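First comes the structure, then the notes that go with it.
Where a number appears in this text, it was derived from the coordinates with a stated rule and is not lab data. A quick note on method: Cβ atoms are made from the backbone with ideal geometry, for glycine too, and the neighbour counts reach across all protein chains shown.
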Amino acid sequence: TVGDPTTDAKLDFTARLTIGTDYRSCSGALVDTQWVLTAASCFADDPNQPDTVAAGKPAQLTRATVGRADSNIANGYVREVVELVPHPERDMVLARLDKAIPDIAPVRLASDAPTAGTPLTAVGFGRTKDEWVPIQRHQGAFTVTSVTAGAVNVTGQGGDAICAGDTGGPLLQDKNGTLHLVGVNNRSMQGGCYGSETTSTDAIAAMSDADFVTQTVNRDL
Amino acid sequence: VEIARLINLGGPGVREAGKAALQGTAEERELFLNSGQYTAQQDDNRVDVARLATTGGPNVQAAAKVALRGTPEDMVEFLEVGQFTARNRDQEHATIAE
Amino acid sequence: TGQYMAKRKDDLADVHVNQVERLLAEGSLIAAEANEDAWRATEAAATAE
Amino acid sequence: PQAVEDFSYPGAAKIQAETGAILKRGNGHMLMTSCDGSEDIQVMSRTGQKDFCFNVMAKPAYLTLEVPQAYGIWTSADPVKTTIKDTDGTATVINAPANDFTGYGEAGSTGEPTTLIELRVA
């Protein structure tokens with residue numbers, strides 16, 4: 001995700017997670033004060049085969065920081081992940097935190113898919129065109145090329161490809177000030193990234209699933 | 001023969017480069033003689049300055065430090081002359097202090 | 001470029017000189033005190049005698 | 001490919017071909033750069049392209065890069081802790097003070113042709 005830095009309280013529902021000490025790292029976003037939605041592949045031994053990502057405790061100690069747009073300051077909340085609830089079909093997992101963050105609102109979920117030509121935005125903590133690891137999170141701009149079986153295909157507009165560390169990051173579509181989650185980034189061509197080169201800016205994201213979240217977050221009402 | 005001569009007299013850099021040249025082709029030997037031996041000598045010079053910067057006395061240390069961040073020409077002048085002046089200064093300091 | 005490299009070597013030389021001059025100054029003061037003390041010791045000896 | 005951060009130095013494959021140095025894993029806050037008025041931590045060796053510089057983005061930071069036949073390091077505005085290894089497999093740690101120059105084996109006290117194993121920012 002290559003674009004302007006943003007620290008505004010419009011995208012403060014985002015999160016960054018680290019698995020182990022230096023094993024794996026990726027992005028995510030809040031769906032509740034207790035729940036963070038990310039990709040299942042982040043917890044896989046083989047990132048291209050998120051089939052063995054079973055429900056239960058994380059294999060390695062996993063921590064997440066929420067709302068910390070700028071990594072050089074203490075602003076934001078730090079929580080531990082205690083349980084994972086994988087999606088039964090696609091690369092998506094819900095992470096349960098030990099404690100809630102009642103101060104930061106979650107992002108609303110989309111009722112349906114975006115169609116081709118629709119202007120989508122994305123935010124994450126992944127690599128930039130000139131930095132391996134950023135200080136601040138950045139926001140890019142993407143357009144929908146097509147919609148497929150439970151996923152949405154997007155491309156960067158004027159460059160700005162999804163790169164690395166963006167896995168689990170939200171795809172957003174706003175209307176009249178209201179932001180809805182339309183999908184979660186999984187894979188990308190990673191063009192225009194620090195340390196690598198390719199022409200294509202294409203990427204694929206899992207389609208947002210309101211029922212999956214509802215029956216997990218409220219599973220114990 | 002000329003390459004062999006350089007190996008016996010030169011430092012680690014010159015020796016390694018010359019050694020490789022002898023066991024190579026005629027063209028490689030010519031390249032070493034034409035430019036490679038000069039490159040190798042510069043590397044030997046740079047290391048010697050770096051060593052003085054850490055093992056010598058106060059004045060030798062400082063003088064080597066200045067030469068080390070300069071040009072190859074500065075490092076050579078230091079090794080040939082400048083380090084001797086610097087020693088003399090370290091000796092003067094010790095003598096006066098005593 | 002060259003005048004700057006030359007300047008650095010002069011600056012370094014001056015630092016050395018300044019430190020040696022500092023010690024000599026201290027040496028001069030020490031000797032001066034030793035001479036004053038010797039004089040006082042002599043006067044004390046003269047008084048004792 | 002999956003957009004997952006594995007902490008493997010980006011472009012390391014190209015650097016091996018270009019500078020001769022190789023890089024492995026780090027916490028992502030150290031980048032390899034050019035040495036032209038932007039110097040921060042500078043490494044000198046007698047192999048590859050002679051030298052190269054790294055830029056510190058944040059502290060603490062580290063990167064387990066490998067540089068054969070290393071002999072000198074420059075520090076700037078920060079202490080640098082450096083791990084080097086001898087030819088017999090034995091490793092040692094050298095404390096380099098800020099804004100100064102220190103050496104390794106070859107240009108150090110032992111004269112050994114040591115290798116740079118780990119570069120760590122305080």
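Worth pointing out:
- Matching residues, the range A:166-212, being among the charged types (D, E, K, R), within 13 Å of another protein chain (Cβ to nearest Cβ) and within 14 Å of the chain's Cα centre (by Cα): A:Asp166, A:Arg187
- Filtered by the rule that a residue be in contact with a helix residue (DSSP H, G or I) (Cβ under 9 Å, 6 or more places away or on another chain), of a type in the set (A, V, I, L, M) and farther than 26 Å from A:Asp8 by Cα, the range A:58-106 gives A:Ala59, A:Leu84, A:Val85, A:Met92, A:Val93.
- Residue in the range D:1-38 that is nearest to the other protein chains (Cβ to nearest Cβ), counting only those that are surrounded by fewer than 20 Cβ atoms within 10 Å (Cβ to Cβ) and of a type in the set (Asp, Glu): D:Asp6
- Subset of the range D:104-122 that is more than 13 Å from the chain's Cα centre (by Cα) and either assigned to a strand (DSSP E or B) or of a type in the set (A, V, I, L, M) (or both) - its residue that is farthest from B:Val47 (Cα to Cα): D:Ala122
- Single unsatisfied condition, A:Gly159 versus (1) buried (at least 19 other Cβ atoms within 10 Å of the Cβ); (2) over 18 Å from A:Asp32 (Cα atoms): (1)
- Test: residue in the range A:51-70 that is part of a loop (DSSP other than H, G, I, E, B), closer than 21 Å to A:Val217 by Cβ and of a type in the set (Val, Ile, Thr): yes
- Every residue from the range A:120-146 that is of a type outside the set (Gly, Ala, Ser), free of Cβ contacts under 8 Å to residues at least 40 places away in the same chain and not in a loop (DSSP other than H, G, I, E, B): A:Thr143, A:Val144
- Unique residue being out of contact with any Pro (no Cβ under 6 Å at 6 or more places or on another chain), in contact (Cβ under 8 Å) with a residue 24 or more places away in the chain and surrounded by fewer than 19 Cβ atoms within 10 Å (Cβ to Cβ) when the list is A:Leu179, A:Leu171: A:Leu179
- The condition (being closer than 24 Å to D:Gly111 by Cα, more than 13 Å from chain D (Cβ to nearest Cβ), surrounded by 15 or more Cβ atoms within 10 Å (Cβ to Cβ) and among the aliphatic types (A, V, I, L, M)) is satisfied by just one residue among B:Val76, B:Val14: B:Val76.
- Looking only at residues in the range A:13-31 that are more than 13 Å from the chain's Cα centre (by Cα) and charged (D, E, K, R), the one that is surrounded by the fewest Cβ atoms within 10 Å (Cβ to Cβ) is A:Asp22.
- Annotation: of all residues in the range A:27-56 being farther than 17 Å from A:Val107 by Cβ and of a type in the set (A, V, I, L, M, F, W, C), the one that is nearest to the other protein chains (Cβ to nearest Cβ) is A:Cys42.
- Scanning the range D:39-51 for residues that are buried (at least 19 other Cβ atoms within 10 Å of the Cβ), touching a strand residue (DSSP E or B) at 6+ places or on another chain (Cβ under 9 Å), of a type in the set (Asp, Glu) and part of a loop (DSSP other than H, G, I, E, B) turns up at least one hit.
- Of C:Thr1, C:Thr42, all but one fail to be within 12 Å of another protein chain (Cβ to nearest Cβ) and without any contact (Cβ under 8 Å) to a residue 60 or more places away in the chain; the exception is C:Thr1.
- Being part of a helix (DSSP H, G or I) and either at the interface with chain A (Cβ under 10 Å from one of its Cβ atoms) or surrounded by 18 or more Cβ atoms within 10 Å (Cβ to Cβ) (or both) is a property that does not hold for D:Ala58.
- Some residue of the range D:69-79 being within 14 Å of chain B (Cβ to nearest Cβ), crowded, with 17+ Cβ neighbours inside 10 Å, free of Cβ contacts under 8 Å to residues at least 60 places away in the same chain and of a type in the set (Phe, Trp, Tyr): yes
- Of all the residues in the range B:20-67, those that are crowded, with 19+ Cβ neighbours inside 10 Å, within 14 Å of chain D (Cβ to nearest Cβ) and more than 29 Å from B:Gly82 (Cβ to Cβ) number 0.
- Matching residues, the range D:93-103, being within 12 Å of chain B (Cβ to nearest Cβ) and either charged (D, E, K, R) or in a strand (DSSP E or B) (or both): D:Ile94, D:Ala96, D:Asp100, D:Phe101, D:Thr102, D:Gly103
- Among the residues listed as C:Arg8, C:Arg40, the single one being farther than 27 Å from B:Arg69 by Cα and among the basic types (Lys, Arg): C:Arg40
- The lone exception for A:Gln60 - which of (1) in contact with a strand residue (DSSP E or B) (Cβ under 6 Å, 6 or more places away or on another chain); (2) surrounded by 21 or more Cβ atoms within 10 Å (Cβ to Cβ); (3) of a type outside the set (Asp, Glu); (4) within 17 Å of A:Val85 (Cα to Cα) it fails: (2)
- Considered as a group, the residues in the range A:149-165 that are among the aliphatic types (A, V, I, L, M) and out of contact with any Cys (no Cβ under 9 Å at 6 or more places or on another chain) include one that is farthest from the other protein chains (Cβ to nearest Cβ), and that residue is A:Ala149.
- Considering residues of the range C:18-49 that are aliphatic (A, V, I, L, M) and within 20 Å of B:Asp90 (Cβ to Cβ) only, the residue surrounded by the fewest Cβ atoms within 10 Å (Cβ to Cβ): C:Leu24
- Selected residue [over 30 Å from A:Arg187 (Cβ atoms) and surrounded by fewer than 16 Cβ atoms within 10 Å (Cβ to Cβ)] from D:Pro113, D:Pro97: D:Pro97
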